Number of protein chains: 2
Amino acid sequence: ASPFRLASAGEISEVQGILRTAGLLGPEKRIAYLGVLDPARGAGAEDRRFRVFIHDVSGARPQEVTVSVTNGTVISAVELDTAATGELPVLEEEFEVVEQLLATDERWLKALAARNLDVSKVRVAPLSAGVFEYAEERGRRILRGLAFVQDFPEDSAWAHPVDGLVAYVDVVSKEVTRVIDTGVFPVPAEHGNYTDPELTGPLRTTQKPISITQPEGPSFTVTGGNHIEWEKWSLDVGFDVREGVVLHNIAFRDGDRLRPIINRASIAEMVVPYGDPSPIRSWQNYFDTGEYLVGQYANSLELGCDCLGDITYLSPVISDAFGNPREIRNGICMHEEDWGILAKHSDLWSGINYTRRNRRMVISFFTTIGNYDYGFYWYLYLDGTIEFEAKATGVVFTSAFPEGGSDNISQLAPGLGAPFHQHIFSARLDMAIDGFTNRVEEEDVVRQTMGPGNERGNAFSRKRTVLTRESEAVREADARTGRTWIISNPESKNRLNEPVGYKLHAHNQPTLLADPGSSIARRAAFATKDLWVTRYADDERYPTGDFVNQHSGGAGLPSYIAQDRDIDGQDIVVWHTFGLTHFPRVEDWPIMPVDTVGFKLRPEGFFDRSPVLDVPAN
Amino acid sequence: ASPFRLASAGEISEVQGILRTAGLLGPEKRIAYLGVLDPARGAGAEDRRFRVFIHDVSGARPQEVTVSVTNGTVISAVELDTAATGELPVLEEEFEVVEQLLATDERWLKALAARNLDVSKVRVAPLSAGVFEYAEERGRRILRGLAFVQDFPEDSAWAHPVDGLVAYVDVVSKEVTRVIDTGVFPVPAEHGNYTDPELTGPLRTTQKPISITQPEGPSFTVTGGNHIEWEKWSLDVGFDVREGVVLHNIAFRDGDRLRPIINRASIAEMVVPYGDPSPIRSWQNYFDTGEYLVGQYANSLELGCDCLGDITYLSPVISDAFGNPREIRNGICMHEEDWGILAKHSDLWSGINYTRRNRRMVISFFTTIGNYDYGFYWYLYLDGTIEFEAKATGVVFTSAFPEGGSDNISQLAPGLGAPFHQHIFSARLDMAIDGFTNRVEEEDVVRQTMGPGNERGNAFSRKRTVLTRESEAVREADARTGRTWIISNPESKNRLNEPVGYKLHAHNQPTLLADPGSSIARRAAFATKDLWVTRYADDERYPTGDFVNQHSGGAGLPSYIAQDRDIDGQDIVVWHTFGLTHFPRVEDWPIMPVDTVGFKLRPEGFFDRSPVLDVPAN
Ligand SMILES: [Cu+2]
Ligand SMILES: [Cu+2]
Ligand code: NA
Ligand code: NA
């Protein structure tokens, strides 16, 4: 029975039972985070452990707690000084509180009355507060509110932002701390109702069906709930409330032996920094993963439209605020799809014409964080390639469009603006290239001068620089010189006596644009550089640390690498920053078509020849 | 009847008839190139014209000839000084000549005898000669030969390169001009026969079928032979023996009006420079498009494995060496395919959950140039996006692997090497954004310093620089600052009073690595920079000029832009360089899995809101 299996409803209840029995889950206690821990290095006696962050609604300090569900014990339980180490993740029950409190606040009511807005119609987005100049906030759970008018129950409030107005609220003490009204801006009037026949026009009747079926079922097998076997690949599909879909034990069956490639793959953080210097939004940065927990808002995916073809679903189970299990029904899609030509050659000399088709295994989920929706897709290809893709859609976050324009906002509709922002991901790749003794090299293309040894000036080459210690493993992209990073195992050689390896190909999109002195440059330090390599430690899980909410700099990647540990042939972890810089366009409105970003890794001398020679003709 | 329709078998015969009748196609004459010309600006009285390059096997000078097939006349016919303006494209009948001549040459036979190679088993690759230090070559049709051993009729000769040996041959006079033997290298012995059960092992039985059907047929219509209508898109699919699939009249039906986007889209050149400084290969650069004509080697694509699903094929017709028509049966695939989620949002406030699926129209062909095979794919998406993708596969070009290694060659198998090289494309995009009055801006992300106006240091912006004249329109990539280029129409404004536009997103791969003083840097000047913009002229068709074969610098892009013409609101042409830098890997051997490169253009304020609001639920 696999120690990487998904959490069951029964294990969550049992964690609830253990915490209760131990006096840790009283009626004022709320579970802000609950996840199964990964087995320790060299673990394979089953010991299923769970980590829990417990919040207290009476204002008592929260606790970080580690439970062992196999033995029914509490391993550890420590009280957190949230002013030092960070507030716990935002709770779903707090979302509604910001609006609720504000409705009876004289300063808010006065703001709304000045704009002739009915309070019953004003929705309020509960946004993370971050850390800025407000000393009273240190140690308190604050959310900031931005207002959107909803004309009727099924109206898109995003069409009607209320600019010039923002409020700060304490969700534990249930007080409004501040209401800032910098002045009235017109509230945009056009609606953004993309199911309304008057905006859509008559729907298209021209789309004929595309049917994708597998009459013998899929080529992959699921065993033990979440262990996948597919075209030589094997892995375990995990799910965590914070990270979402996590991949464990990525390995490839090369002949007789199962060869490990990646021990653990996840999206360990994502940040959405806004680039509008208005005080109404200049504080706005979302850590969807770290502050909000993208996994808990995973959608239930419907058949025939979210995932198309012969789909196998997992329904991962998470804890609600009280420790009861709730299943995200059909939260994870798994299927295989055709991927065009894999390899082809029509040889004149031999007379042999050869064509083989490609395919990929797809493991995905989709999450919704207020106006934003994100699809997270992992792909495994026949040829050994591993890819991640993020798909960004939803409704763009809106503001007023100033009269006379803006260098930091674009116009979507009359008076309607969309502040510039980025969406930036950190992929945490706990490498295991033919096992754990790994090293990373930076590879650049090398141009050569015409002269002795190169008289026609056609030569070009490449170079590789080993990253030997964490202090020299914070790297930036260089698209111009074709920079990639190769993860190799210096003690496992292919038949040509070269170290086996995988090469990471980035998209070389811009990294974090904020000024390096900014609060966000410190809280999202990871996002300022494209590639980090650390020595593995079981407590270095996120590039932003364990508690991101209103937590200043001081944890996460920059503190991990300060240890300057040896990474030249050790158990190492690759953290790749990648993101989209979004200047919104009128085509993004009223609902945004998908835009994508990602990366991939391809074998680099890993195999002894092509690993797809045994793929049959179609 | 459409003036952009494909050439018919009858038109080619009739060109043959006109040339014959006019005394231009005698029995010593050979057609090296024949294609239909595009209508002139403002043409829509039908005048189908054809351009022809006629070679003479008796050593007489070739002719460039323009014929009008509608009227049955010769419009023009001029004699070429090939030493000045370039040799004609390599003829298919010349491929075999290099081996044939060399078989009875004492210097070649002596080279082969020194290596104990049987001449009956030595295949010779007829490679373009380019232009280097050999004065006798100027004005003569030369090919260079590199030798590969084929052990039996169905062996892969590429496995057995004969290094240290190269020969130069005149295919008109039928003489061997030179044989260079720099010394024996071991001939690699392992075979590269990817259909041999001993190399493949038992074939996989694990792949279950994927069936892609359309029970009502496809959503696109074909009329007039090659006019496509699909989900608001309309275009004409052309085919030229040099460029292959060319797209004409790309337009989008936005409500009532058919809005042009791109007038003509093609791959106007592709170059494959080799980076091994050995004199055996340092001359090696292939212009697949310009020297060899990729269209004439287009494969016949088989159903259920080259193109999968409900496919509509075109079978374009080309001229053979004598002016007879030959059809490339099923040479062009056209189909539509699913492309995941198009847009999605689950709104808390409204309670509305919304999901729409994407799809794309695919127009492709596949060509084979000796060891290389390339797939050329154009995609049209529901949301207005236009994409090109090149898929590179085939067998890698081989050499010996030196003992003691190499900075310019990688090892694939014992003693077997693969010289470093690039594959670089030029896409020629004759822009028509809402018509022909267009302009191009370079857009960079702009970082802002924390200070007055930006006290939190979160602001970021962008800037756009109009490229006003050809002298300032030769641009390079800058991935770090998110550089793109926007093609706009300054006189067509969207509802927000902004110029309509499309944004070109490049991959920012390395451009030509050869030393700027190199012969290849001059012949492939286009490849040294990522983006060029020229004022349209009907005679500026290729970035390398009309005659690339053994033609030095002096034509193509650098000479076009010297005219320094106005491109600020004019009929303009975008030439985008993009390519792959290939350091071959053991996984590429014995047959290479597909690797991809490309680009795309997305609407940028072109539409008044999302153009896919009328897409129905699934
Ligand atoms: Cu965005
Ligand atoms: Cu290549
Ligand atoms: Na590791
Ligand atoms: Na144009």
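Computation of the quantities below employed the complete heavy-atom set of this structure, encompassing side-chain atoms and omitting hydrogens, waters and symmetry-equivalent molecules. Whatever order the structure lists them in is the order used to number ligands and atoms, beginning at 1. Throughout, protein chains are lettered first and strands after them, A, B, ... in sequence-line order, and every chain is numbered starting at 1.
The closest approach of B:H421 to the Cu ion (ligand 2), by N/O/S atoms, is made by NE2. When the Na ion (ligand 4) is compared with the N/O/S atoms of B:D571, atom OD1 turns out nearest. With respect to the Cu ion (ligand 2), B:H582 has ND1 as its nearest N, O or S atom. Minimum-distance N/O/S atom of B:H423 relative to the Cu ion (ligand 2): NE2. Closest to the Na ion (ligand 4) among the N, O or S atoms of B:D430 is OD1.
For B:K391 and B:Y377, the positive end sits near the middle of the six-membered ring, less than 6.0 Å away and at most 45° from its axis. Both tests do not hold together for A:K600 against A:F388: distance to the six-membered ring centre under 6.0 Å, angle to the ring axis within 45°.
The Na ion (ligand 3) lies at 3.0 Å or more from every N, O or S atom belonging to A:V573. Put simply, B:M431 gets within reach of the Na ion (ligand 4), with an N, O or S atom under 3.0 Å from it.
The line from CD1 of A:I250 to CG of A:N263 is 9.5 Å long, rounded to the nearest 0.5 Å.
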Legend entry - Derivation of the side chain to side chain donor-acceptor pair (under 3.5 Å) call for B:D276 and B:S399: CA-CA 10 Å; B:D276 176 5; B:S399 65; 5.0 Å; no
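One N or O on the side chain of A:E470 and one on the backbone of A:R565 form a donor-acceptor pair closer than 3.5 Å. At distances below 3.5 Å, at least one donor-acceptor pair connects side-chain atoms of B:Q422 with backbone N or O atoms of B:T511.
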